[PDB]
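First structure 1, then structure 2: two forms of the same chain, each alone, as structure tokens.
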Structure 1
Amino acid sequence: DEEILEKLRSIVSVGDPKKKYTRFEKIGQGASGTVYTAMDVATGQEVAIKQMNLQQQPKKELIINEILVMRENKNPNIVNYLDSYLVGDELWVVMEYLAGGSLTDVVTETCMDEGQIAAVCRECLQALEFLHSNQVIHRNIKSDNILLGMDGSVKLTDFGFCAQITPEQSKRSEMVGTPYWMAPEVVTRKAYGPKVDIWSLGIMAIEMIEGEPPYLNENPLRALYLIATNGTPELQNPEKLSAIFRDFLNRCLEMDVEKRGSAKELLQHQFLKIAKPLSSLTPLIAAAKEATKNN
């Protein structure tokens, strides 16, 4: 539709990004748009700005939903939305910049201890409880969508897959997410709710432990099957974890969705009490940065 397009233009302001932000520097290009860093002319605030041509973006309703969800669910543990500009046929989204980069670089290049893992999990749980209490299910939790402050702050990003639920319709059935991180009830097209994010967080904890989610050597289809039939995935070396960490994992990765913990009740688990200060993540950030210098 060109109706859905006009609906999108409708919620964005027509103005020049350069009027407020200067010093544009490209730090990457994704399937969606092009991503820059920049600076607030007046306050000196560092920002991340995505540049996106609508004429070539399929499924514009998703872009609309992503912008709308960001605007109305602002929170300490979510990369927060500053502004978006409409310039002719291109959309410019402006977000906080988190200089500590992505948790994926930390999980693939460093060894995290239990205190550091606990701190990250607590910060993610805080955003999930916030979202779940506002009827937003993220549906795409993974280290790739966790951004880090230079001070160790932990922030959830990418809401392009999120679903808003209501008492009229409180569950979903569609296979939405990234295969390795999808809860089994999602893989097998059952009615699911907010706790699919809890499962996905459990898989992110396995990233922090082992460097990868389960089945990453396999293809996504094969992984989907492996999740469907195996259920609670297996750790390469469970003996290396504390009793309380193992207990935390089991409760994130519980098959029974009613037994599986919610964000609120996992925020009380004893595993989180051994968390280190978030400042402890900065050496990890430095390591990840060094390890990924070449590429």
Structure 2
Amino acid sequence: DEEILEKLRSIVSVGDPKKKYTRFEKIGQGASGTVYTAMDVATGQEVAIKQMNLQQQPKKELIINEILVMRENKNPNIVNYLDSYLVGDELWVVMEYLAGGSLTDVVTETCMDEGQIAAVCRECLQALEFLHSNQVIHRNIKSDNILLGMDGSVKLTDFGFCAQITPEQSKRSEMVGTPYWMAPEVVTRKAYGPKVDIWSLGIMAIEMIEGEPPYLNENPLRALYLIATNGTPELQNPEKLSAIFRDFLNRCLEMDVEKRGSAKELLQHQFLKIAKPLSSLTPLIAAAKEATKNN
């Protein structure tokens, strides 16, 4: 549909971003595109720019949807959308820069304590409570999509996979996500709702405990099969966790969706009573940056 393409072309700003920004440094490179920091020639502001190759995404309505959801759902625990450009066959999305980097680096290079985990979970649940109240389901919660500020701020990004629900159509049915983090109702193609995000948050808490989601060593298709057959995953060493942390995990990773916590309910879970102030996260940031400086 050259209808879709024309809507994309009219959403973006015009001008050359290679002259509106400068000092490009590559900081990441997924299949979803390459990420650079840069500086706004006009403002001084540091920004993150995500370069997304269009020919990779045949369903352009997903790109539109990403930008539209981001601009419409502003929140302190969500990375801010700034602007977008079309540079030939690539879309550039300009976002606020968080200099503390990804929770992925923290969970792979450090051992978080329960108080720090509680703090991260509480900020993530705040983001989810906001989204879900606005009838938005993220569908791609994972450590990779949590960014940290140098003050210990915690923010969600990546609306590339999200869905909007209504009272008329309250459930989705697309098998979308990143396998290791996907709820069993999504993997097995049942109708599902916002609590799929809660499941994925539970898997992210397992990342913070163990360094990886369950089954990361397996290929993605095998991981889907394991999720379909095991349901609620097992920890390598459950006994090292507090009872209240175990209770929280169990409520996030309940097989029965009615029983699984909502974000609003999980914000009042006993485990969050031990959350530390966000300043407690700045040492993890320092450690992660030290560990990854020489990659």
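Please note that residue numbering is based on structure 1, beginning with 1 at the start of its sequence. If you superpose the two forms and keep the largest set of C-alpha atoms that fall within 1.5 Å, you have the rigid core.
_Rigid-core fit between structures 1 and 2, the member of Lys264, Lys240, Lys26, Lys259 whose C-alpha shifts 2 angstroms or more_ = Everything else stays below 2 Å; the exception is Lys26.
*Look at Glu90 and decide if its Cα position differs by 2 Å or more between structures 1 and 2 after superposing on the rigid core.*
Comparing the forms between structures 1 and 2, which are aligned on their rigid core, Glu90 does shift its C-alpha by 2 Å or more.
*asked:* Is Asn250 displaced by at least 2 Å at its C-alpha between structures 1 and 2 when the rigid core is overlaid?
replied: Comparing forms between structures 1 and 2, the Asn250 CA shifts below 2 Å.
*Take the rigid core as the frame of reference and indicate whether the C-alpha of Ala42 shifts by 2 Å or more between structures 1 and 2.*
Comparing forms between structures 1 and 2, the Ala42 CA shifts at least 2 Å.
*Angstrom shift of the Cα atom of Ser280 between structures 1 and 2 (superposition on rigid core)*: Its C-alpha shift, to one decimal, is 0.7 Å.
*On a rigid core superposition, how far has the CA of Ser10 moved between structures 1 and 2, in Å, if you could check?*
Its C-alpha moves by 2.0 Å once the cores are overlaid.
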